[PDB]
Amino acid sequence: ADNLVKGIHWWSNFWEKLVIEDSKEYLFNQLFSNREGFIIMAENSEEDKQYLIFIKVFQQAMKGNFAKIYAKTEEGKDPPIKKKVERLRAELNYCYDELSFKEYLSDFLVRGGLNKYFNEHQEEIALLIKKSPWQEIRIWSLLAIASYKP
Amino acid sequence: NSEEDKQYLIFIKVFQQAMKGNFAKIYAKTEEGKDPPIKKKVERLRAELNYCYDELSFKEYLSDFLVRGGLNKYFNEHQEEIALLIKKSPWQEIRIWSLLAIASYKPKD
Amino acid sequence: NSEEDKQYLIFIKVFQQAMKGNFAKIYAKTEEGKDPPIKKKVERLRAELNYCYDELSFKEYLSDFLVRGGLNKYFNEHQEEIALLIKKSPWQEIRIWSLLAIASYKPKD
Amino acid sequence: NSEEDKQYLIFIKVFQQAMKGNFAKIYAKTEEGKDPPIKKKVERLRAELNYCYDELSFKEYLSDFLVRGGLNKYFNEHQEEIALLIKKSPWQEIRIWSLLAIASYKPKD
Amino acid sequence: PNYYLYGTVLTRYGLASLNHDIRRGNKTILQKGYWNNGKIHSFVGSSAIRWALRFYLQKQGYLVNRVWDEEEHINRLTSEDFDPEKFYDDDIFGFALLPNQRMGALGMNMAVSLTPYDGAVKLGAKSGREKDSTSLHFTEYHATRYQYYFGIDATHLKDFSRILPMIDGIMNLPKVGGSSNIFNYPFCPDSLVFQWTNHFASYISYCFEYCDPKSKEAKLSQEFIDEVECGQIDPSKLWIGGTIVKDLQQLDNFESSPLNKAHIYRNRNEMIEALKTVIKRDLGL
Amino acid sequence: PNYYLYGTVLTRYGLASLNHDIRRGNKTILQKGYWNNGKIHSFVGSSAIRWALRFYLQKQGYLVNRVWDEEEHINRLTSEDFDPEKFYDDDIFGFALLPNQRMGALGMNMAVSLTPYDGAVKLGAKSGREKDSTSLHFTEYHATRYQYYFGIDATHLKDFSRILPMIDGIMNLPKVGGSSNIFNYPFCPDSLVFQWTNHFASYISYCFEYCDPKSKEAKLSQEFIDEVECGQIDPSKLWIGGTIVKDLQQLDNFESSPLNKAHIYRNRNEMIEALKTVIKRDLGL
Amino acid sequence: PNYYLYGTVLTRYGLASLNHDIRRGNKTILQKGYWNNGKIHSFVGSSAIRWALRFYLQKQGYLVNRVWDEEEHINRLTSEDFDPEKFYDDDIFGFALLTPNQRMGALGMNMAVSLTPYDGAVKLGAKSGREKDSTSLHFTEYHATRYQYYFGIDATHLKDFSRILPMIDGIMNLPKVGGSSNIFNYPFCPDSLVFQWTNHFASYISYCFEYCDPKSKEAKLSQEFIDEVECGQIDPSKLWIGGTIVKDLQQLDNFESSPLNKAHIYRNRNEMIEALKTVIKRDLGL
């Protein structure tokens with residue numbers, strides 16, 4: 001509402017408030033309750049487009065990784081997809097600078113396999129990875145993990 | 001886009017053309033059987049790239065892969081730019097660029 | 001800028017011109033309708049370049065290959081710079097530059 | 001700078017001047033419209049340089065080549081430095097320098 | 001008259017995690033912010049150095065209204081009424097209980113990191129196979145020289161002789177609040193730039209700069225040297241000592257620059273003795 | 001009177017994989033970060049040395065609260081009520097419940113590698129045939145000498161005699177947490193720089209510096225020698241011992257330098273005995 | 001009490017290809033890295049030596065949980081639940097499962113270093129003749145040097161103290177270390193030993209053997225180790241030196257006046273091993 005009155009983009013810095021500032025998750029839970037709503041407004045945001053394409057790219061990569069784990073999973077045993085997702089969040093949060101985070105992101109994208117979205121928007125996604133500060137890319141990767149819905 | 005971004009894009013395309021050449025050689029060499037290994041080849045390529053520990057070994061592997069690829073139209077049109085980019089930029093950034101090119105490889109329709 | 005990089009680029013050009021000379025030599029040698037071995041020759045060159053065991057090895061080969069290339073103008077323009085670059089520098093980096101040249105001659109044809 | 005590299009460069013120049021003298025001799029030998037054998041002479045020079053079995057071999061060869069070159073002005077001004085450089089240093093290194101020199105004569109004409 | 005003492009101090013090189021801010025998740029972030037060139041630098045707060053000076057005054061045997069029980073880790077008040085005439089800490093650092101308040105002679109600024117913070121982190125984990133929620137953790141650290149600026153008003157001191165113990169404490173600063181178990185970072189000075197003048201204007205605030213973005217070089221800033229060249233900041237009132245003395249003496253044309261006729265001492269103790277003699281002569285002590 | 005013991009000791013040359021960070025993929029990432037001259041140096045956690053000293057104290061009498069099982073790989077507490085008056089562990093290293101919380105008598109800094117780390121990686125395979133995801137793996141090593149800086153407040157110890165066992169343990173440090181099976185790195189020191197003074201001012205930080213890329217010469221420093229020459233860090237308060245003594249005695253003008261009149265013993269045991277005698281005399285033990 | 005056995009052992013000169021790293025192409029590259037003076041040296045993985053010791057314990061009877069099939073090259077476990085009380089291999093080398101499921105490991109050893117810088121030494125391999133395919137041409141790297149590695153055992157940590165005795169014999173009569181023994185048979189038996197048996201954690205004998213002399217085989221003792229011995233540190237009564245290095249030590253001038261003369265020095269290796277085992281049994285009550 002404030003941003004609306006200001007006339008500035010609603011998505012001024014929701015994540016900052018939702019997570020960075022809201023460690024307690026007081027409104028982060030609201031994010032969980034209204035994540036779709038956040039995405040809805042983000043969809044309205046044209047600039048988000050590129051980050052939406054990156055969201056789809058990361059979702060496809062994690063789909064490939066989960067398929068690899070499913071193939072690795074023994075018969076009868078329950079695959080630890082929840083544990084793997086928690087590991088993904090922990091590893092992404094561990095990354096401390098641009099170099100290490102970009103290393104991990106590129107390695108994960110490679111391990112994902114053939115990505116259709118990353119093929120269609122090759123140059124755009126490549127430039128987004130090269131230009132955007134690594135903290136932002138980490139934030140949107142975390143959102144992609146949280147927004148994954150098969 | 002600035003000049004550095006153009007150089008980075010040509011490097012991505014150069015690596016993709018090199019992978020095209022290597023995969024073509026793999027297809028031609030092992031046409032026997034149900035299907036030659038490409039997914040295993042891609043996994044091995046990623047493992048080799050991640051294996052490289054310093055600038056010397058990684059640059060050696062990158063140059064060896066580039067020559068193994070064959071003729072490189074993107075590397076034809078830009079000699080000095082890409083050569084200087086490879087020699088100057090830190091080898092880790094080259095590793096990120098190569099992995100991104102790997103993940104961005106568009107299959108030939 | 002960074003005259004060392006200029007010397008590196010002109011060395012790449014020198015190696016490319018030498019391989020051009022050797023390509024002309026093999027094209028002259030072949031006869032009848034037989035396909036002139038170029039892919040075979042390039043792969044042989046790459047294999048011999050990878051095979052090396054320090055200093056004398058691969059430096060003798062570099063000099064011999066440059067001589068086999070014959071008249072090379074880029075090396076003609078700059079004598080002392082390239083001579084010092086060949087005598088100095090770790091041989092592995094010279095191998096990197098030569099392999100990059102292998103992949104960067106294809107722009108010429 | 002770096003006096004040993006100065007000796008290396010003056011050795012390069014001495015070898016180039018000696019082979020200039022040898023080329024002048026063989027141009028004098030030939031007559032009428034036959035193409036004077038020079039690329040063949042360069043190949044012969046390279047092959048004879050490659051053929052050697054350490055120390056006395058290739059040292060008698062380098063001395064004989066310098067003699068058949070004729071009068072070397074650079075050698076005249078630099079007798080002691082050239083002689084000391086030849087007596088010392090591994091013979092393989094001197095052969096590598098000589099092969100460079102070979103590839104290096106062309107800017108003379 | 002109205003004499004004041006200003007100085008910018010540089011610390012040694014070492015790993016420091018002295019100012020952890022409000023931690024997130026499992027990682028204990030050390031407080032950081034922007035500085036010269038827009039690169040993030042790690043900050044150690046001035047309140048920490050003020051606490052360190054208070055602890056020094058307590059340990060040396062001076063009165064000090066606030067007593068810090070080391071074993072109890074608690075702070076006690078010798079008297080509920082602040083008496084700046086009798087207590088050194090009340091005289092220097094001031095007070096506000098909410099007379100009632102004092103301005104405070106010592107005015108100190110934050111301790112910035114000379115080198116930008118890359119983001120290096122350290123993992124710590126509880127040993128043993130029995131692992132719980134508190135098993136593993138990440139602690140952020142920084143390998144940097146720290147630099148802080150301070151300014152005191154000699155006239156404002158209720159007792160003028162109190163300036164000597166504060167200088168001694170700055171040169172012999174006890175531990176600055178941090179994590180001494182795993183990052184024991186000595187805050188002892190190794191290069192000073194001190195100014196003792198009657199005018200207030202100060203042009204020595206953060207006069208230190210790095211030669212390379214990731215290095216322990218610690219050269220003097222160009223602005224400070226240039227300003228000494230131009231004509232202000234009288235060399236007779238300048239006091240420079242420490243490791244930067246060597247770099248200054250290795251500079252070209254140093255024997256002709258106005259830096260030559262300024263108080264420079266390789267040994268910090270000698271420069272401190274000279275400055276203390278000057279202060280005692282100026283304030284009639 | 002307050003007393004402190006600051007020191008920086010250097011380890012022997014050998015392979016090191018002591019402080020694996022995160023194991024990114026198959027590569028157990030030997031933890032590293034930037035250091036002097038902007039080159040990546042491998043690090044050994046200070047908590048590792050604290051654990052090693054705890055284990056040393058536990059192994060030889062010396063009642064400690066935290067007993068390491070060595071069989072179940074678990075830590076047992078003899079009494080949850082930490083009592084620094086009785087236990088060596090609580091008196092020395094401190095504790096935190098989350099009572100008294102102590103402060104810790106020993107302050108440690110992270111061990112740094114004296115040489116930059118290039119890639120130093122190693123393969124690993126499991127016998128042959130029937131290969132699974134655990135068959136192939138990598139381990140990072142490092143062939144250098146490690147250097148760390150530590151400091152104890154002697155007065156802060158509940159029992160003043162407890163300073164002796166820590167010196168004995170630092171001289172005889174057990175296995176520091178790391179891949180002892182594949183890379184058995186002894187952390188015993190071969191060159192010591194100890195100072196025992198009565199004021200906090202603590203130079204002799206990571207003085208040991210040699211760079212010289214890939215070597216094992218381990219020259220002392222230029223800046224520490226400088227300080228010595230200048231007049232501070234008086235030689236009577238300095239203790240230097242180890243293989244560095246051999247290099248020091250070969251320096252020119254060493255007989256006239258102030259570094260000569262410092263306590264120099266080529267043998268480590270003699271210097272440690274002398275330091276123990278001095279400490280016992282000063283603290284009245 | 002607590003007793004620790006520290007020792008540095010130098011192998012015999014020969015051609016070795018025991019540490020193929022990654023197989024970049026045809027070339028099977030030795031595992032190598034910068035060791036000293038900035039020169040590249042070849043390293044043998046310590047896990048290979050541990051495998052050799054396990055195989056030795058398996059061969060000469062004894063009880064070892066991991067049995068090497070030696071016909072299918074497959075590992076089998078006699079008992080899935082590791083029992084350090086019974087099995088020698090689990091008691092000595094430890095185990096990780098993923099009774100305690102984790103063992104510390106009584107033997108801690110370092111990777112084997114090459115006493116000589118590794119310069120070239122690549123060797124061709126061509127398969128028969130005619131009908132040549134992609135597997136017809138291959139290169140194998142090698143190295144003519146002496147390998148030296150560092151190991152340490154705490155006999156106190158062993159569940160059975162008598163298990164220290166087989167380990168020393170295995171160190172002496174070590175079977176083949178994992179490598180291309182078909183074409184590069186490198187015997188890893190010791191030819192010079194420097195053993196220290198003490199009751200404290202300080203070793204100071206990590207890599208005592210060092211000779212440099214590029215492509216020679218002199219294998220002299222490092223100057224720093226001799227200086228440490230003369231310093232009074234490392235008591236000669238706790239030092240055990242045996243092998244070919246003994247001859248060079250005796251040929252040194254003023255050897256009798258040197259403190260090294262008071263150390264347990266035996267030219268023969270087996271007699272030194274017997275004396276060491278006698279001392280170990282006397283100080284362990286066996």
# chains A, B, ... in the order shown; residues from 1 in each chain; ligands from 1
$ select_by_dssp --residues "segment 95-284 of chain F" --states "strand (DSSP E)" --output "count of residues only"
41
$ residues_around --residues "residue 225 of chain F" --least-positions-apart "4" --cutoff "10 Å" --atoms "only C-alpha atoms" --output "PyMOL selection string"
chain F and resi 207+220-221+229-230+257-259
$ interface_residues --of "chain B" --to "chain G" --cutoff "12 Å" --atoms "only C-alpha atoms" --output "list in words"
residues 26, 29, 30, 44, 45, 47, 48, 49, 51, 52, 53, 54, 57, 58, 60, 61, 62, 64, 65 and 68 of chain B
$ select_by_dssp --residues "segment 52-193 of chain F" --states "helix (DSSP H, G or I)" --output "number ranges by chain"
F: 52-59, 88-93, 160-171
$ write_last_selection --atoms "N, CA, C and O atoms" --output "CSV table (one decimal), in the first residue's frame"
chain,number,residue,atom,x,y,z
F,52,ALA,N,42.3,-29.7,20.7
F,52,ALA,CA,43.5,-30.5,20.9
F,52,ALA,C,44.1,-30.3,22.3
F,52,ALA,O,44.5,-31.2,22.9
F,53,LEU,N,44.1,-29.0,22.8
F,53,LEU,CA,44.5,-28.8,24.1
F,53,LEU,C,43.6,-29.4,25.1
F,53,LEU,O,44.1,-29.9,26.2
F,54,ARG,N,42.3,-29.4,24.9
F,54,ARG,CA,41.4,-30.1,25.8
F,54,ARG,C,41.7,-31.5,25.8
F,54,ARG,O,41.7,-32.1,26.9
F,55,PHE,N,41.9,-32.2,24.7
F,55,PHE,CA,42.2,-33.6,24.7
F,55,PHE,C,43.5,-33.9,25.4
F,55,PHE,O,43.6,-34.9,26.1
F,56,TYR,N,44.5,-33.0,25.2
F,56,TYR,CA,45.8,-33.2,25.9
F,56,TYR,C,45.6,-33.1,27.4
F,56,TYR,O,46.2,-34.0,28.1
F,57,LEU,N,44.8,-32.2,27.9
F,57,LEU,CA,44.6,-32.1,29.3
F,57,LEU,C,43.8,-33.3,29.8
F,57,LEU,O,44.1,-33.8,30.9
F,58,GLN,N,42.9,-33.8,29.0
F,58,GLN,CA,42.1,-35.0,29.5
F,58,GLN,C,43.0,-36.2,29.5
F,58,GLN,O,42.8,-37.1,30.4
F,59,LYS,N,43.9,-36.4,28.6
F,59,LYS,CA,44.7,-37.6,28.5
F,59,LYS,C,45.6,-37.8,29.6
F,59,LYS,O,45.9,-39.0,29.9
F,88,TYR,N,40.2,-28.2,35.2
F,88,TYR,CA,41.1,-27.5,34.4
F,88,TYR,C,40.4,-26.9,33.2
F,88,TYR,O,40.7,-25.8,32.8
F,89,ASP,N,39.5,-27.7,32.6
F,89,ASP,CA,38.9,-27.3,31.3
F,89,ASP,C,38.0,-26.0,31.5
F,89,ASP,O,38.1,-25.1,30.8
F,90,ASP,N,37.2,-26.0,32.6
F,90,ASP,CA,36.4,-24.8,32.8
F,90,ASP,C,37.2,-23.6,33.2
F,90,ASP,O,36.9,-22.5,32.8
F,91,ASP,N,38.3,-23.8,34.0
F,91,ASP,CA,39.1,-22.7,34.4
F,91,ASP,C,39.9,-22.1,33.2
F,91,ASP,O,40.0,-20.9,33.1
F,92,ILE,N,40.2,-22.9,32.2
F,92,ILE,CA,41.1,-22.5,31.1
F,92,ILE,C,40.2,-22.0,29.9
F,92,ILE,O,40.3,-20.8,29.6
F,93,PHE,N,39.4,-22.8,29.4
F,93,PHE,CA,38.7,-22.5,28.1
F,93,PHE,C,37.4,-21.8,28.3
F,93,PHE,O,36.8,-21.2,27.3
F,160,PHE,N,46.7,-20.3,39.5
F,160,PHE,CA,47.8,-19.8,38.7
F,160,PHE,C,48.8,-20.9,38.2
F,160,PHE,O,49.5,-20.7,37.2
F,161,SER,N,48.8,-22.0,38.9
F,161,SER,CA,49.6,-23.1,38.4
F,161,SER,C,49.1,-23.8,37.2
F,161,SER,O,49.9,-24.6,36.6
F,162,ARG,N,47.9,-23.4,36.7
F,162,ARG,CA,47.4,-24.1,35.5
F,162,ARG,C,48.0,-23.6,34.2
F,162,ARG,O,47.7,-24.1,33.2
F,163,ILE,N,48.8,-22.5,34.3
F,163,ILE,CA,49.5,-22.1,33.1
F,163,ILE,C,50.5,-23.1,32.6
F,163,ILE,O,50.8,-23.2,31.4
F,164,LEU,N,51.1,-23.8,33.5
F,164,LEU,CA,52.1,-24.8,33.2
F,164,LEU,C,51.6,-25.9,32.3
F,164,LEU,O,52.2,-26.2,31.2
F,165,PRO,N,50.5,-26.6,32.6
F,165,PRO,CA,50.0,-27.6,31.7
F,165,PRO,C,49.7,-27.2,30.3
F,165,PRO,O,49.9,-27.9,29.3
F,166,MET,N,49.2,-25.9,30.1
F,166,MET,CA,49.0,-25.5,28.7
F,166,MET,C,50.2,-25.3,27.9
F,166,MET,O,50.3,-25.6,26.7
F,167,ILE,N,51.3,-24.8,28.5
F,167,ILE,CA,52.6,-24.7,27.9
F,167,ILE,C,53.1,-26.1,27.5
F,167,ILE,O,53.6,-26.4,26.4
F,168,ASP,N,53.0,-27.1,28.4
F,168,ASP,CA,53.3,-28.4,28.1
F,168,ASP,C,52.5,-29.0,27.0
F,168,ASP,O,53.1,-29.7,26.1
F,169,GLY,N,51.2,-28.7,26.9
F,169,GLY,CA,50.4,-29.2,25.8
F,169,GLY,C,50.7,-28.5,24.5
F,169,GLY,O,50.7,-29.2,23.5
F,170,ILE,N,51.0,-27.2,24.5
F,170,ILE,CA,51.3,-26.6,23.2
F,170,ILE,C,52.6,-27.1,22.7
F,170,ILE,O,52.8,-27.3,21.5
F,171,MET,N,53.6,-27.4,23.6
F,171,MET,CA,54.8,-28.0,23.2
F,171,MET,C,54.6,-29.5,22.7
F,171,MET,O,55.3,-30.0,21.9
$ residues_around --residues "residue 5 of chain C" --least-positions-apart "4" --cutoff "12 Å" --atoms "only C-alpha atoms" --output "PyMOL selection string"
(chain B and resi 80-81+83-88) or (chain C and resi 1+9-12+81-82+85+97)
$ write_last_selection --atoms "N, CA and C atoms" --output "compact mmCIF listing (two decimals), in the first residue's frame"
# COMPACT_ATOMS: atom_id res chain seq x y z
N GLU B 80 41.48 -12.35 -31.65
CA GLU B 80 42.22 -11.63 -30.62
C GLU B 80 41.37 -11.39 -29.38
N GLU B 81 40.10 -11.03 -29.58
CA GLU B 81 39.23 -10.74 -28.45
C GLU B 81 39.11 -11.95 -27.53
N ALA B 83 40.93 -14.73 -27.48
CA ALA B 83 42.23 -15.17 -26.98
C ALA B 83 42.66 -14.35 -25.77
N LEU B 84 42.52 -13.02 -25.86
CA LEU B 84 42.85 -12.17 -24.73
C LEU B 84 41.92 -12.42 -23.55
N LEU B 85 40.64 -12.66 -23.82
CA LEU B 85 39.70 -12.97 -22.75
C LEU B 85 40.11 -14.23 -22.01
N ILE B 86 40.55 -15.25 -22.75
CA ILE B 86 40.97 -16.50 -22.13
C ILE B 86 42.24 -16.30 -21.32
N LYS B 87 43.22 -15.58 -21.88
CA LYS B 87 44.50 -15.44 -21.18
C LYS B 87 44.38 -14.56 -19.94
N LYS B 88 43.61 -13.48 -20.02
CA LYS B 88 43.57 -12.49 -18.95
C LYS B 88 42.64 -12.88 -17.81
N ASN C 1 47.98 -2.17 -25.60
CA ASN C 1 47.91 -2.22 -24.15
C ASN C 1 48.43 -3.54 -23.60
N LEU C 9 49.49 -12.32 -28.74
CA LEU C 9 48.64 -12.34 -29.94
C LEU C 9 49.47 -12.53 -31.20
N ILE C 10 50.59 -11.82 -31.32
CA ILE C 10 51.43 -11.99 -32.50
C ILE C 10 52.05 -13.38 -32.54
N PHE C 11 52.31 -14.00 -31.38
CA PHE C 11 52.77 -15.38 -31.38
C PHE C 11 51.68 -16.32 -31.88
N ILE C 12 50.43 -16.08 -31.47
CA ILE C 12 49.32 -16.85 -32.01
C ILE C 12 49.28 -16.73 -33.53
N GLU C 81 61.17 -9.78 -29.65
CA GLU C 81 60.05 -10.05 -28.75
C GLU C 81 59.68 -11.53 -28.76
N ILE C 82 59.44 -12.09 -29.95
CA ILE C 82 59.05 -13.49 -30.03
C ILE C 82 60.20 -14.41 -29.64
N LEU C 85 60.21 -14.42 -25.97
CA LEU C 85 59.02 -15.12 -25.49
C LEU C 85 59.21 -16.63 -25.58
N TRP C 97 49.07 -21.48 -25.55
CA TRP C 97 48.97 -20.52 -26.65
C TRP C 97 48.95 -21.23 -27.99
$ calpha_fit_rmsd --fixed "chain F" --moving "chain E"
0.6 Å
$ residues_around --residues "residue 65 of chain A" --least-positions-apart "2" --cutoff "9 Å" --atoms "only C-alpha atoms" --output "list in words"
residues 60, 61, 62, 63, 67, 68, 69, 70, 108, 111, 112 and 113 of chain A
$ write_last_selection --atoms "C-alpha atoms" --output "compact mmCIF listing (two decimals), in the first residue's frame"
# COMPACT_ATOMS: atom_id res chain seq x y z
CA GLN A 60 13.72 -27.27 -14.58
CA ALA A 61 17.25 -27.84 -13.26
CA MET A 62 15.97 -29.02 -9.88
CA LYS A 63 13.42 -31.20 -11.69
CA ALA A 67 14.83 -37.17 -11.50
CA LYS A 68 18.47 -38.20 -11.08
CA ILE A 69 17.85 -38.87 -7.38
CA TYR A 70 14.72 -40.87 -8.23
CA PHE A 108 23.68 -27.24 -10.31
CA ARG A 111 23.77 -31.32 -13.23
CA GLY A 112 20.13 -30.56 -14.01
CA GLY A 113 20.58 -31.68 -17.60
$ interface_residues --of "chain F" --to "chain G" --cutoff "6 Å" --atoms "only C-alpha atoms" --output "PyMOL selection string"
chain F and resi 72+128-129+172+174+180-184+188+214-215+267
$ residues_around --residues "residue 98 of chain A" --least-positions-apart "2" --cutoff "8 Å" --atoms "only C-alpha atoms" --output "PDB file with N, CA and C atoms, in the first residue's frame"
ATOM      1  N   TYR A  96      28.983 -17.461   0.235  1.00  0.00           N
ATOM      2  CA  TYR A  96      29.390 -16.256   0.937  1.00  0.00           C
ATOM      3  C   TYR A  96      29.864 -15.132   0.030  1.00  0.00           C
ATOM      4  N   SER A 100      31.830 -18.188  -5.268  1.00  0.00           N
ATOM      5  CA  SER A 100      31.359 -19.484  -4.785  1.00  0.00           C
ATOM      6  C   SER A 100      29.905 -19.721  -5.171  1.00  0.00           C
ATOM      7  N   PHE A 101      29.065 -18.695  -5.025  1.00  0.00           N
ATOM      8  CA  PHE A 101      27.656 -18.852  -5.363  1.00  0.00           C
ATOM      9  C   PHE A 101      27.474 -19.119  -6.849  1.00  0.00           C
ATOM     10  N   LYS A 102      28.220 -18.411  -7.698  1.00  0.00           N
ATOM     11  CA  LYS A 102      28.116 -18.654  -9.132  1.00  0.00           C
ATOM     12  C   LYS A 102      28.650 -20.034  -9.496  1.00  0.00           C
ATOM     13  N   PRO A 133      23.828  -8.822  -9.161  1.00  0.00           N
ATOM     14  CA  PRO A 133      24.596  -9.146  -7.954  1.00  0.00           C
ATOM     15  C   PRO A 133      24.207 -10.515  -7.419  1.00  0.00           C
ATOM     16  N   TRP A 134      25.202 -11.243  -6.910  1.00  0.00           N
ATOM     17  CA  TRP A 134      24.979 -12.638  -6.546  1.00  0.00           C
ATOM     18  C   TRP A 134      23.962 -12.781  -5.420  1.00  0.00           C
ATOM     19  N   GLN A 135      23.844 -11.778  -4.546  1.00  0.00           N
ATOM     20  CA  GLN A 135      22.831 -11.842  -3.496  1.00  0.00           C
ATOM     21  C   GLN A 135      21.431 -11.899  -4.091  1.00  0.00           C
TER      22      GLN A 135
END
$ interface_residues --of "chain F" --to "chain A" --cutoff "10 Å" --atoms "only C-alpha atoms" --output "ChimeraX atom specification"
/F:22,24-25,132-133
$ residues_around --residues "residue 27 of chain D" --least-positions-apart "3" --cutoff "9 Å" --atoms "only C-alpha atoms" --output "list in words"
residues 22, 23, 24, 30, 31, 36, 37 and 38 of chain D
$ write_last_selection --atoms "N, CA and C atoms" --output "mmCIF file, in the first residue's frame"
data_model
loop_
_atom_site.group_PDB
_atom_site.id
_atom_site.type_symbol
_atom_site.label_atom_id
_atom_site.label_comp_id
_atom_site.auth_asym_id
_atom_site.auth_seq_id
_atom_site.Cartn_x
_atom_site.Cartn_y
_atom_site.Cartn_z
ATOM 1 N N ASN D 22 75.573 -17.900 -46.861
ATOM 2 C CA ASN D 22 75.394 -19.177 -47.548
ATOM 3 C C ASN D 22 74.389 -19.058 -48.689
ATOM 4 N N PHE D 23 73.295 -18.325 -48.462
ATOM 5 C CA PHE D 23 72.311 -18.105 -49.516
ATOM 6 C C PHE D 23 72.919 -17.342 -50.682
ATOM 7 N N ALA D 24 73.730 -16.323 -50.392
ATOM 8 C CA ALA D 24 74.398 -15.593 -51.463
ATOM 9 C C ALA D 24 75.317 -16.514 -52.253
ATOM 10 N N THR D 30 74.156 -21.046 -58.909
ATOM 11 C CA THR D 30 73.193 -21.367 -59.953
ATOM 12 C C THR D 30 73.271 -20.361 -61.100
ATOM 13 N N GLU D 31 72.740 -20.768 -62.250
ATOM 14 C CA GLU D 31 72.756 -19.928 -63.440
ATOM 15 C C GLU D 31 71.547 -20.268 -64.304
ATOM 16 N N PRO D 36 66.658 -21.169 -58.113
ATOM 17 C CA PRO D 36 67.705 -21.550 -57.156
ATOM 18 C C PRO D 36 67.111 -22.274 -55.962
ATOM 19 N N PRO D 37 67.699 -23.397 -55.552
ATOM 20 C CA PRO D 37 67.083 -24.191 -54.485
ATOM 21 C C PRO D 37 67.317 -23.575 -53.118
ATOM 22 N N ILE D 38 66.281 -22.966 -52.553
ATOM 23 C CA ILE D 38 66.377 -22.254 -51.288
ATOM 24 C C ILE D 38 65.445 -22.851 -50.244
#
$ atom_distance --atom1 "atom CA of residue 93 of chain D" --atom2 "atom CA of residue 93 of chain C"
18.5 Å
$ atom_distance --atom1 "atom CA of residue 176 of chain F" --atom2 "atom CA of residue 194 of chain G"
23.5 Å
